[PDB]
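Encoded as structure tokens, the structure appears first; notes follow it.
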Amino acid sequence: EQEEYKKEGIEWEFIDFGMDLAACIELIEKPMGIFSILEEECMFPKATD
Amino acid sequence: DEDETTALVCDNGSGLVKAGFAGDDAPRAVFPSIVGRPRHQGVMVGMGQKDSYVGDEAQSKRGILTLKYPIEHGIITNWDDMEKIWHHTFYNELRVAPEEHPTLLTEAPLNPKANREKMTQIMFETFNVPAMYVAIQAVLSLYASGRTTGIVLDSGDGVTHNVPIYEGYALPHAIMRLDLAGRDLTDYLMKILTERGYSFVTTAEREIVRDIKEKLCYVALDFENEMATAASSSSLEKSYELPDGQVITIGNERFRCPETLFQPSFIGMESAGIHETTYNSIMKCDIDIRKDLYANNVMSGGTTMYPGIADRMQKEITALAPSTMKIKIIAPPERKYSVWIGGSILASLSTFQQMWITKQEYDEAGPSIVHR
Amino acid sequence: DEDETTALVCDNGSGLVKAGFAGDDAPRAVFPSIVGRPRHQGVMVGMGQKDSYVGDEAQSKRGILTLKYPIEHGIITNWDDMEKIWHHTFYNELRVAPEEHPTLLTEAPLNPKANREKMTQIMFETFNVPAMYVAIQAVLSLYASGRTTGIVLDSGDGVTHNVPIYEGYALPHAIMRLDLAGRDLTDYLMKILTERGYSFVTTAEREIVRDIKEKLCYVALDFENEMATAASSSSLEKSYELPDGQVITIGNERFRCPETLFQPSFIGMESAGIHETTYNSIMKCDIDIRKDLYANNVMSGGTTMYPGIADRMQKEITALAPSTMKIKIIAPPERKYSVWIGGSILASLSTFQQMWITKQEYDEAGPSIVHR
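Protein chains in written order, with the authors' numbering: chain J, 499 to 547; chain W, 1 to 372; chain Y, 1 to 372.
Structure (structure tokens):
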């Protein structure tokens, strides 16, 4: 998008549209996130769902 | 994989270091916890002057060096000599560069706050590891036996401990330490075996008394009518062949050595013994948690490997515990590495990633960060 | 259905909250009336820092938190901590959003005018419920036993009450409050059981004395020649097995604990007891209504569940009442939830719709509106 407004010369500022999703992703893939908690407990010989 | 492969687990002991990669089933590296310093100037053929020696080269060359033990009773007493054992572990034993490997270390039961901060200072500031973590030893042993509440009798080379753990938190005020372990036990066998009319005269005689203790020693149940049995002289006796022919016989003393763990009085110790101490730890804990601890006496450590240790302990605490109670003494086969294996599991785990102390945490929070 | 399904019934107690949907036969949610505040900084594995804990998580984690009871003797004493228990009830326990559910609440017998206005202020202004209503507890208990005139002996965890009700109006000047209930009763058993030669030492020993009180305690009729019976030692004794094996025996004390409700002197209380108090309430009422109250002694509350409570009360007041009178002690089986069930009935009722205080009434009349 930003290339056009640059090519044309329009003056439009905007934040990455991805950013909106980073919240969800971090929660899953980050260290104290779901997977981790999931993969840690897997190390506990006597853990439960 | 980045660190799935890459996590290191180093268990620092009073007698042995156990080390390797999180993921493996057993330690890649096991070696004495010594640092030898040469008493004289000179060289081995083909080598240069060496200022220091560590592990087995210090043991093998002990006649020309002054040997020193960095960890007295599980606590690091000399930090110059410990950084030497770590250096050896990373660079020579595991041959890894530490600055790209997360490192899980272990500490002892009531390890002073200041030490956990100091080994963190040395891990991050002189070895530059990406991230590290210090687990308490009994806690890794328990966890390696699947569970989270139980009481570990942990016994290695310089210390014995009882660490009651509840849903993962080791209970500070109920932990007991008994300074008599496998080291003390080899020296007592030594005397009851010279006292059997023998001589462990050269250093090749000294060292192997320890290999006698490991191979032939027993913990008899009803140690009472086992001495009585000794006397009728059954085929209870056991002869070991020395470095040479010199067939030495050990019948009886074979079990008089681990009876030291129940009777410290055999060695001029006035402290209570292993089973009473298991128990006392337990009547120092909350009331509602005592049925749990009793059904989960997990054993770990080289000195708890004597066969029939578990049966003697089984009957030792049944007969001290209220009969309404269920006793249960878990002693797994890999127990000389429980601690390490518990670390391997935990550190290779999917959920542990979010507890690693990173250089980001450290450079920003000071050693306090990992200290918890 | 809009609100047929939708009416909530929350009974706030000194020990327990009972909650659920008008329509149900019993509370969907029952849990301690505590709010725990952590004594130290730290976390559980996988959770964040929690400022506060409520209900069972506060009980389970009591060793690291300072526990507080918002309702002292049936009256709300801390409004910051009560709004916390309500929040927990709606959002976590019943998992409903409150702003679309009418809420029937309960208050105590001579609940200060200002409180009934304050919980209305918090219901409408911080929870934004559509409509609400505050019923008096004894009054819901009576009504749940079908009737409209009777006298309720109500006894739970922190208070006992006698609330004479006539054609629905609880009689202010005849109500009696006795501050000795199930809480007091568990602590007295505790001592007569340690006094039997025992120890409730850890917290897993403490908690279960209360489960002994509930399961094995009795109210004997002729408590006189029941002690006498104890002595000849019949098969009156009763052994309970603890969290572990430790089989504890309780023969006699089993009934010495509810004899405290008739004799407060067992616990250094100088107040009169349950039966005399039933009676005194009654000779404080109008003369013409006393035959009604006597044939309708409805019992409700956790502490009135001790078997043989009704027979002892039956004979306790027959023998104080003029012989021309009919005595009748109604004690239903669901009585530990009478209060709640009376609210469930009433609030699901076809005619109650026109007594709900709506936000229209409130935004227009101030808290005064519901206060009556």
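Here a beta-carbon is modelled for each residue, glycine too, at the ideal position from N, C-alpha and C.
I need the boundaries of the beta strand (DSSP E) containing residue i, first residue and last residue.
| i | result |
| --- | --- |
| Y/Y240 | 238-241 |
| W/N12 | 8-12 |
| Y/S155 | 150-155 |
| W/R177 | 176-178 |
| W/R37 | 35-38 |
| W/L67 | 65-68 |
| W/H275 | Careful: W/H275 lies outside any beta strand (DSSP E), inside the alpha helix (DSSP H) at 274-282. |
| W/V247 | 247-250 |
| W/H161 | 160-166 |
| W/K18 | 16-21 |
Go to residue i, then tell me how far its alpha helix (DSSP H) extends in each direction, as first and last residue.
| i | result |
| --- | --- |
| W/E107 | It is not in any alpha helix (DSSP H) - W/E107 instead sits in the beta strand (DSSP E) that spans 103-107. |
| W/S348 | 338-348 |
| W/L293 | 290-294 |
| W/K191 | 182-194 |
| Y/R312 | 309-318 |
| W/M227 | 224-232 |
| W/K213 | 203-216 |
| J/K504 | 502-506 |
| W/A331 | That residue, W/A331, is in no alpha helix (DSSP H); it is neither H nor E in DSSP. |
| W/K113 | 113-122 |
| W/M82 | 79-88 |
| W/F200 | Unbroken run through W/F200: none, as it is neither H nor E. |
| J/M541 | No alpha helix (DSSP H) holds J/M541; DSSP gives it neither H nor E. |
| Y/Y143 | 137-144 |
Are residue i and residue j closer than 8 Å when you measure CB to CB?
| i | j | result |
| --- | --- | --- |
| Y/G182 | Y/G302 | yes |
| Y/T89 | Y/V134 | no |
| W/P164 | W/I329 | no |
| Y/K68 | Y/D81 | yes |
| Y/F31 | Y/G63 | no |
| Y/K18 | Y/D11 | yes |
| W/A138 | W/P109 | yes |
| W/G36 | W/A58 | yes |
| Y/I71 | Y/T77 | yes |
| Y/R39 | Y/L94 | no |
| Y/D1 | W/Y294 | no |
| residue 388 of chain W | W/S344 | Nothing in the structure corresponds to residue 388 of chain W, since chain W is present only between 1 and 372. |
| W/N296 | W/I136 | no |
| W/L142 | W/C285 | no |
| Y/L216 | Y/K191 | no |
| W/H275 | W/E316 | yes |
| W/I327 | Y/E205 | no |
| Y/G46 | J/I535 | yes |
Among the options, whose alpha-carbon lies nearest the alpha-carbon of residue i?
| i | options | result |
| --- | --- | --- |
| W/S323 | Y/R254, Y/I317, Y/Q246 | Y/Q246 |
| Y/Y218 | Y/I248, Y/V152, Y/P307, Y/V45 | Y/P307 |
| Y/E4 | Y/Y362, Y/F352, Y/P264, Y/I212 | Y/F352 |
| W/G156 | W/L171, W/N162, W/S300, W/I75 | W/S300 |
| W/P367 | W/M123, W/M305, W/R206 | W/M123 |
| W/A131 | W/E237, W/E361, W/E93, W/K50 | W/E361 |
| W/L242 | W/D211, W/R372, W/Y188, W/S33 | W/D211 |
| W/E125 | W/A272, W/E83, W/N280, W/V201 | W/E83 |
| Y/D292 | Y/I369, Y/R335, Y/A319, Y/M325 | Y/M325 |
| Y/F200 | W/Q314, W/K315, W/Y91, W/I289 | W/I289 |
| W/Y198 | W/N162, W/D222, W/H173, W/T249 | W/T249 |
Could you check whether the Cβ of residue i sits closer than 8 Å to any Cβ belonging to chain A?
| i | result |
| --- | --- |
| W/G146 | Absence of chain A from the displayed structure is noted, the protein chains being J, W and Y. |
Just checking my contact of residue i with residue j at CB under 8 Å: how many whole Å lie between their CB atoms?
| i | j | result |
| --- | --- | --- |
| W/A220 | W/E214 | In fact, because the Cβ distance is near 17 Å, the residues do not count as touching under 8 Å. |
| W/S14 | W/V209 | Rounded, the Cβ-Cβ distance is 19 Å, inconsistent with contact. |
| W/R312 | W/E253 | About 17 Å; that fails the 8 Å criterion. |
| Y/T304 | Y/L180 | About 13 Å; that fails the 8 Å criterion. |
| J/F542 | W/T149 | At roughly 12 Å, the Cβ-Cβ gap does not stay under 8 Å, so J/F542 and W/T149 are not in contact. |
| W/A331 | W/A310 | 4 Å |
| Y/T277 | Y/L185 | Between Y/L185 and Y/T277 the Cβ distance is about 16 Å, and since that is not below 8 Å, they are no contact. |
| J/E527 | W/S350 | Their Cβ separation, rounded to whole angstroms, is 12 Å, which puts J/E527 and W/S350 out of contact at 8 Å. |
| W/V298 | W/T120 | In fact, because the Cβ distance is near 28 Å, the residues do not count as touching under 8 Å. |
Any heavy atom of the ligand ADP within a distance shorter than 7 Å of the CB on residue i?
| i | result |
| --- | --- |
| Y/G15 | Judged by which ligands are present, the structure shown has none, so any question about the ligand ADP falls away. |
Does the contact criterion of 3 or more C-beta pairs under 8 Å hold for the region 344-360 of chain W versus the region 100-115 of chain W?
yes
Please determine if the region 517-526 of chain J and the region 326-340 of chain W are in contact, where contact requires at least 3 C-beta pairs separated by less than 8 Å.
no
Cβ pair count under 8 Å reaching 3, the region 249-261 of chain W against the region 110-124 of chain W:
no
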